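Asker: What follows is start_27.cif; its format and atoms are mmCIF, C-alpha atoms.
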```cif
data_protein
#
loop_
_atom_site.group_PDB
_atom_site.id
_atom_site.type_symbol
_atom_site.label_atom_id
_atom_site.label_comp_id
_atom_site.auth_asym_id
_atom_site.auth_seq_id
_atom_site.Cartn_x
_atom_site.Cartn_y
_atom_site.Cartn_z
ATOM 1 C CA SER B 163 -9.848 37.931 7.219
ATOM 2 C CA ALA B 164 -6.722 36.524 5.495
ATOM 3 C CA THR B 165 -5.101 36.657 8.969
ATOM 4 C CA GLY B 166 -8.117 34.937 10.640
ATOM 5 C CA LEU B 167 -7.930 32.054 8.123
ATOM 6 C CA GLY B 168 -4.093 31.778 8.124
ATOM 7 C CA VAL B 169 -3.768 32.772 4.414
ATOM 8 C CA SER B 170 -1.952 36.055 5.204
ATOM 9 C CA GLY B 171 1.379 35.725 3.390
ATOM 10 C CA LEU B 172 1.075 32.390 1.543
ATOM 11 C CA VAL B 173 4.551 31.980 -0.110
ATOM 12 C CA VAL B 174 4.653 29.829 -3.317
ATOM 13 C CA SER B 175 8.232 30.347 -4.547
ATOM 14 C CA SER B 176 9.381 26.681 -4.069
ATOM 15 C CA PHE B 177 7.759 23.177 -3.825
ATOM 16 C CA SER B 178 8.015 23.145 0.008
ATOM 17 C CA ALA B 179 6.485 26.593 0.690
ATOM 18 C CA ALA B 180 3.942 26.094 -2.157
ATOM 19 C CA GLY B 181 2.791 22.859 -0.429
ATOM 20 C CA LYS B 182 2.580 24.826 2.879
ATOM 21 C CA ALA B 183 0.391 27.301 0.936
ATOM 22 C CA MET B 184 -1.788 24.387 -0.353
ATOM 23 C CA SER B 185 -2.182 23.140 3.265
ATOM 24 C CA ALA B 186 -3.196 26.646 4.455
ATOM 25 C CA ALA B 187 -5.649 27.218 1.522
ATOM 26 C CA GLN B 188 -7.320 23.819 2.154
ATOM 27 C CA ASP B 189 -7.481 24.446 5.929
ATOM 28 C CA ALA B 190 -9.040 27.859 5.160
ATOM 29 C CA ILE B 191 -11.634 26.149 2.894
ATOM 30 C CA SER B 192 -12.287 23.883 5.946
ATOM 31 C CA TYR B 193 -12.567 26.956 8.295
ATOM 32 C CA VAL B 194 -14.960 28.803 5.953
ATOM 33 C CA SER B 195 -16.962 25.559 5.463
ATOM 34 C CA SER B 196 -17.343 25.231 9.271
ATOM 35 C CA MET B 197 -18.298 28.922 9.648
ATOM 36 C CA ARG B 198 -20.888 28.598 6.867
ATOM 37 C CA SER B 199 -22.048 25.409 8.607
ATOM 38 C CA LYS B 200 -22.765 27.498 11.766
ATOM 39 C CA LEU B 201 -24.559 30.208 9.732
ATOM 40 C CA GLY B 202 -26.484 27.451 7.877
ATOM 41 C CA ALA B 203 -27.685 25.599 10.985
ATOM 42 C CA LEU B 204 -28.469 29.016 12.564
ATOM 43 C CA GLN B 205 -30.688 30.024 9.626
ATOM 44 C CA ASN B 206 -32.393 26.639 9.980
ATOM 45 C CA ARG B 207 -33.234 27.710 13.610
ATOM 46 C CA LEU B 208 -34.658 31.031 12.429
ATOM 47 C CA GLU B 209 -36.795 29.673 9.546
ATOM 48 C CA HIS B 210 -38.285 27.346 12.217
ATOM 49 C CA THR B 211 -38.620 30.212 14.750
ATOM 50 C CA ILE B 212 -40.415 32.408 12.144
ATOM 51 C CA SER B 213 -42.718 29.434 11.273
ATOM 52 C CA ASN B 214 -43.406 29.095 15.035
ATOM 53 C CA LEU B 215 -43.869 32.777 16.076
ATOM 54 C CA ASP B 216 -46.142 33.478 13.076
ATOM 55 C CA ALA A 109 41.496 14.657 -39.797
ATOM 56 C CA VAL A 110 39.428 12.257 -37.609
ATOM 57 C CA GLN A 111 40.429 14.235 -34.516
ATOM 58 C CA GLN A 112 38.926 17.428 -36.134
ATOM 59 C CA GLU A 113 35.471 15.748 -36.158
ATOM 60 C CA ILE A 114 35.994 14.001 -32.758
ATOM 61 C CA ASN A 115 36.721 17.437 -31.202
ATOM 62 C CA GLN A 116 33.867 19.243 -33.040
ATOM 63 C CA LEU A 117 31.371 16.488 -32.037
ATOM 64 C CA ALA A 118 32.479 16.480 -28.398
ATOM 65 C CA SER A 119 31.917 20.274 -28.361
ATOM 66 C CA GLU A 120 28.434 19.518 -29.799
ATOM 67 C CA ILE A 121 27.593 17.144 -26.915
ATOM 68 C CA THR A 122 28.441 19.924 -24.411
ATOM 69 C CA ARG A 123 26.490 22.429 -26.545
ATOM 70 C CA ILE A 124 23.451 20.107 -26.239
ATOM 71 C CA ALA A 125 24.078 19.808 -22.476
ATOM 72 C CA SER A 126 24.272 23.555 -21.627
ATOM 73 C CA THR A 127 21.762 24.658 -24.332
ATOM 74 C CA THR A 128 18.674 22.406 -23.912
ATOM 75 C CA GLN A 129 16.142 24.026 -21.601
ATOM 76 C CA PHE A 130 12.508 23.912 -20.523
ATOM 77 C CA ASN A 131 10.943 27.205 -19.405
ATOM 78 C CA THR A 132 14.608 28.534 -19.371
ATOM 79 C CA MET A 133 15.973 25.942 -16.843
ATOM 80 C CA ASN A 134 18.822 23.685 -18.133
ATOM 81 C CA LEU A 135 17.678 20.035 -18.187
ATOM 82 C CA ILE A 136 20.712 17.797 -18.897
ATOM 83 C CA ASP A 137 23.691 19.785 -17.515
ATOM 84 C CA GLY A 138 23.293 17.842 -14.216
ATOM 85 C CA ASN A 139 21.677 20.724 -12.231
ATOM 86 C CA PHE A 140 18.180 19.217 -12.761
ATOM 87 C CA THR A 141 18.289 17.178 -9.518
ATOM 88 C CA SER A 142 15.563 16.826 -6.863
ATOM 89 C CA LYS A 143 13.097 18.872 -8.975
ATOM 90 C CA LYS A 144 9.659 17.652 -7.706
ATOM 91 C CA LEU A 145 6.524 17.536 -9.882
ATOM 92 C CA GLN A 146 3.323 17.986 -7.777
ATOM 93 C CA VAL A 147 1.002 15.191 -9.061
ATOM 94 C CA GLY A 148 -2.019 15.388 -6.770
ATOM 95 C CA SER A 149 -4.334 17.576 -4.668
ATOM 96 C CA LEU A 150 -2.454 17.590 -1.264
ATOM 97 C CA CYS A 151 0.760 18.984 0.307
ATOM 98 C CA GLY A 152 3.683 16.889 -0.996
ATOM 99 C CA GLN A 153 2.315 14.323 -3.535
ATOM 100 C CA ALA A 154 5.534 14.456 -5.531
ATOM 101 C CA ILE A 155 7.403 12.722 -8.302
ATOM 102 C CA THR A 156 11.102 13.618 -8.418
ATOM 103 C CA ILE A 157 12.815 14.455 -11.721
ATOM 104 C CA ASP A 158 16.574 13.772 -11.585
ATOM 105 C CA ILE A 159 19.005 13.902 -14.534
ATOM 106 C CA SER A 160 22.788 13.244 -14.412
ATOM 107 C CA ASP A 161 25.261 15.574 -16.211
ATOM 108 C CA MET A 162 25.170 14.835 -20.020
#
```
Could I get this file's structure written as structure tokens?

Answerer:
Amino acid sequence: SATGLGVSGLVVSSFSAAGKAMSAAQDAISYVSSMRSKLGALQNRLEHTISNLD
Amino acid sequence: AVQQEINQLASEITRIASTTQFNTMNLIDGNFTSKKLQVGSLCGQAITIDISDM
């Protein structure tokens, strides 16, 4: 969610808060990258498990 | 007769100062201080635009 990723209420109305919004949006790209890394490596396990059980 | 033009021209300098704008902000009235450009991908990669009163 926007709360779970820290992008709830990004405020861009000045250089300082707009840089704090850039930091949060890049950290959120890094959080979603690491979550999709877990789901990627996990689907690697299951394509191997299906190749094994079959 | 010189003073007529030396007063009208000095009024024109202050008309340039309060009238010239970018995106509706005054540039050369002296209130364009500490106005950061953001010139890269990360939080706070600034260049500062500063202009004295003209």

Asker: Residues near segment 130-141 of chain A, anyone? I mean within 12 Å using only C-alpha atoms, not counting same-chain ones fewer than 5 positions away, as a list in words.

Answerer: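 What passes the distance filter is residues 121, 122, 123, 124, 125, 155, 156, 157, 158, 159, 160, 161 and 162 of chain A.
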
Asker: Write the residues of the preceding selection, restricted to C-alpha atoms, as a PDB file, keeping the file's coordinate frame.

Answerer:
```pdb
ATOM      1  CA  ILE A 121      27.593  17.144 -26.915  1.00  0.00           C
ATOM      2  CA  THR A 122      28.441  19.924 -24.411  1.00  0.00           C
ATOM      3  CA  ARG A 123      26.490  22.429 -26.545  1.00  0.00           C
ATOM      4  CA  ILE A 124      23.451  20.107 -26.239  1.00  0.00           C
ATOM      5  CA  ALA A 125      24.078  19.808 -22.476  1.00  0.00           C
ATOM      6  CA  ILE A 155       7.403  12.722  -8.302  1.00  0.00           C
ATOM      7  CA  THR A 156      11.102  13.618  -8.418  1.00  0.00           C
ATOM      8  CA  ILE A 157      12.815  14.455 -11.721  1.00  0.00           C
ATOM      9  CA  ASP A 158      16.574  13.772 -11.585  1.00  0.00           C
ATOM     10  CA  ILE A 159      19.005  13.902 -14.534  1.00  0.00           C
ATOM     11  CA  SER A 160      22.788  13.244 -14.412  1.00  0.00           C
ATOM     12  CA  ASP A 161      25.261  15.574 -16.211  1.00  0.00           C
ATOM     13  CA  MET A 162      25.170  14.835 -20.020  1.00  0.00           C
TER      14      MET A 162
END
```

Asker: What gap, in Å, lies between atom CA of residue 199 of chain B and atom CA of residue 151 of chain A?

Answerer: 25.1 Å

Asker: Could you write out as a PDB file with C-alpha atoms, in the coordinates of the input the residues that the PyMOL selection byres ((chain A) within 9 of (chain B)) matches in the shown file?

Answerer:
```
ATOM      1  CA  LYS A 143      13.097  18.872  -8.975  1.00  0.00           C
ATOM      2  CA  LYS A 144       9.659  17.652  -7.706  1.00  0.00           C
ATOM      3  CA  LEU A 145       6.524  17.536  -9.882  1.00  0.00           C
ATOM      4  CA  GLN A 146       3.323  17.986  -7.777  1.00  0.00           C
ATOM      5  CA  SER A 149      -4.334  17.576  -4.668  1.00  0.00           C
ATOM      6  CA  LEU A 150      -2.454  17.590  -1.264  1.00  0.00           C
ATOM      7  CA  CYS A 151       0.760  18.984   0.307  1.00  0.00           C
ATOM      8  CA  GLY A 152       3.683  16.889  -0.996  1.00  0.00           C
TER       9      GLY A 152
END
```

Asker: Quick one: distance from atom CA of residue 173 of chain B to atom CA of residue 191 of chain B in Å, one decimal?

Answerer: 17.5 Å

Asker: I'd like to see the residues matched by the PyMOL selection byres ((chain B and resi 168) around 10) on this file, and ideally I'd get them as a PDB file with C-alpha atoms, in the coordinates of the input.

Answerer:
```pdb
ATOM      1  CA  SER B 163      -9.848  37.931   7.219  1.00  0.00           C
ATOM      2  CA  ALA B 164      -6.722  36.524   5.495  1.00  0.00           C
ATOM      3  CA  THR B 165      -5.101  36.657   8.969  1.00  0.00           C
ATOM      4  CA  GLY B 166      -8.117  34.937  10.640  1.00  0.00           C
ATOM      5  CA  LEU B 167      -7.930  32.054   8.123  1.00  0.00           C
ATOM      6  CA  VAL B 169      -3.768  32.772   4.414  1.00  0.00           C
ATOM      7  CA  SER B 170      -1.952  36.055   5.204  1.00  0.00           C
ATOM      8  CA  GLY B 171       1.379  35.725   3.390  1.00  0.00           C
ATOM      9  CA  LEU B 172       1.075  32.390   1.543  1.00  0.00           C
ATOM     10  CA  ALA B 183       0.391  27.301   0.936  1.00  0.00           C
ATOM     11  CA  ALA B 186      -3.196  26.646   4.455  1.00  0.00           C
ATOM     12  CA  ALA B 187      -5.649  27.218   1.522  1.00  0.00           C
ATOM     13  CA  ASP B 189      -7.481  24.446   5.929  1.00  0.00           C
ATOM     14  CA  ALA B 190      -9.040  27.859   5.160  1.00  0.00           C
ATOM     15  CA  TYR B 193     -12.567  26.956   8.295  1.00  0.00           C
TER      16      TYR B 193
END
```

Asker: One number please: atom CA of residue 200 of chain B to atom CA of residue 215 of chain B, in Å, one decimal.

Answerer: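 Distance between the two atoms: 22.2 Å.
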